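Let's start with one chain on its own, the form deposited without the ligand, as structure tokens.
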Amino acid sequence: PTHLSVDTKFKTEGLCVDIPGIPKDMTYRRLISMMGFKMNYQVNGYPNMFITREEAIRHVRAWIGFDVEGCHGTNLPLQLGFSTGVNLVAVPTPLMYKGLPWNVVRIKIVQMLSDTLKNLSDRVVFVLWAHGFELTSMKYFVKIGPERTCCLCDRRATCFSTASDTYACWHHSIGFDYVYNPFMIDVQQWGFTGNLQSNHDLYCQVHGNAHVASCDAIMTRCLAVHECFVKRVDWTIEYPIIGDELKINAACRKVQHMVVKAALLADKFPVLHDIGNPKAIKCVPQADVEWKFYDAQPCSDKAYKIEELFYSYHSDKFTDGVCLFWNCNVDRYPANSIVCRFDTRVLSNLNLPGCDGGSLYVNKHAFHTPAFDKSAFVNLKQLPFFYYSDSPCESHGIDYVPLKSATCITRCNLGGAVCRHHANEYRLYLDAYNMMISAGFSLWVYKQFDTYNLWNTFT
């Protein structure tokens, strides 16, 4: 059972207001035919337009919410809404566009999907709360057939052009007019009571209902993200590399070792409380400190309440030494903390919009992250950039312009002239640091943290 069988039953009750008289007994096979598409008994990689919840989860980067509303069928204008916030009006003669015939609407659809998805996925997954008009509008902008490759590259085809009779991926589809072999999933098939707004509003206050198709499209995709990544979490699913994943993860480890190593040297805490991932390793293995670990998996719904993580009876005295929260999201960090908190508002190809202000950060695995909250950091301050090193000043082994920086905390800089080795390492560290920050990570530290305390470790 890799794919969804076309002979699987589809509950049609949600469809009967737009499609009155629709049979109760319905399969995907019959529904696809009713949508005006012909499958022709084809064993060519596209067995069904519809996919399973498990196939949808593996392809979350392709999710595009889609809703169609009657503007007043046949000669009835339709408002096509997408979770990108776009509303297009198709005539059969929060951005709102005036009514235009399908021949030009389809060009806009292909441009919009290609720009949204080219750096995210090899396909499109239309996320629906199906009532009828969305399924019946598909024939006007969608073509299907065997799985194909792009005319200009090796990627799978996502678009077709009637002008040239050719196929293209999201990167080479300029001027293309048809969406080719898209996928779709109907959230109503999952078993819900009541309408879309009543199910969406149970878990989210950020998306409102301005009574337009894009609002419904956004709510549908949000509800799907909540069901698949908030109330149900699967960290075994692997996602492909689409950007700077490897560099970001390597930078995260480098910055963690740097910041924790310097905090221990500058303030000499006798104990460190490491709160978070149950598979955590000591990030500063040579430190003298009593290292104590506390298990907490990544919170995907609301940030952990500090009172539940720490109280209800471990050193028990979390107030002793320092607390390390490396991507362990809490409502209010204690004053004696070293913190790395992912900022959900960051715009990137790894960060997808999520539920109730949260975001879906997809880097090797998918992590729904609760909304970034500035009040969580009131007992702390932003951690400034700095580079520290106690390693010998020795080159061993890329040209050189002399480094001058007040934040290069090394013996050579204390001595008045940064050596080549420490200048190379500083610049590499700065690149890693900027990579991590730009990926959305934010760093916070206890107010007494002062890098001036690091210079005296060079005696």
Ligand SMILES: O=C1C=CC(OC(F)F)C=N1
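Residue numbers here begin at 1 and follow the sequence given.
The protein also exists as the form solved in complex with the ligand; that form is not presented, and the subsequent description refers to it.
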So the ligand isn't in this model. With the ligand brought over in the entry with it bound through superposition of the site C-alphas, is the pocket blocked (at least 3 atoms within 2.4 Å of backbone or C-beta) or open? blocked
With the partner omitted here, the residue among 144, 339, 110, 228 that in the entry with it bound has a heavy atom within 4.5 Å of the ligand is 144
Is residue 51 near the ligand? Define near as a heavy atom within 4.5 Å, in the entry with it bound. no
Tell me, yes or no, whether residue 39 is in contact with the ligand in the entry with it bound, where a contact means a heavy atom of each within 4.5 Å. yes
Is residue 56 close to the ligand in the entry with it bound, meaning a heavy atom pair under 4.5 Å apart or at it? no
Please determine whether residue 32 contacts the ligand in the entry with it bound, using a 4.5 Å cut-off between heavy atoms. yes
Using a 4.5 Å heavy atom cutoff, which residues in 1-16 contact the ligand in the entry with it bound? It's fine if the answer is none. 6
